[PDB]
């Protein structure tokens, strides 16, 4: 099911600690396709609508203030199982339950500063993709390698 996409974001602490290329390179070596990319500082409202599903949690306002306080890098990747493989690569929410070899397990310590975001489902990936990206910032191309990665 090769056309699946997920949205991955490096977060302000990930951008500040020099981790964007490291994380891009993990998904590249895996065989996934980068189809979208930008760096920007979310606004409060962007930070709020992105984490909309957790407005009741008492961490919410500290989260929205932190996410909107510097540049994040947004990406979209495409391939088979990219959403769930995305989350296996990122690691558990708390970097303390996160295994070595995962992004959060290798580079982060605190659940509040956990470097990177990844869609947790296909329907959520499709909603995060449409939030941050206009269709048309989404490059369509074909990897010279798809026959080495799929069939």
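Numbering follows the first chain given and starts at 1.
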| query | finding |
| --- | --- |
| Given 52-60 and 80-88, the range whose Cα B-factors average higher in the PDB entry | 52-60 |
| Mean temperature factor over C-alpha atoms, higher-scoring stretch between 133-141 and 19-27 | 133-141 |
| Residue 121 CA temperature factor, ranked by third within the chain | highest |
| Cα B factor band for residue 45 (lowest, middle or highest third within the chain) | highest |
| Lowest, middle or highest third - CA B-factor, residue 99 | middle |
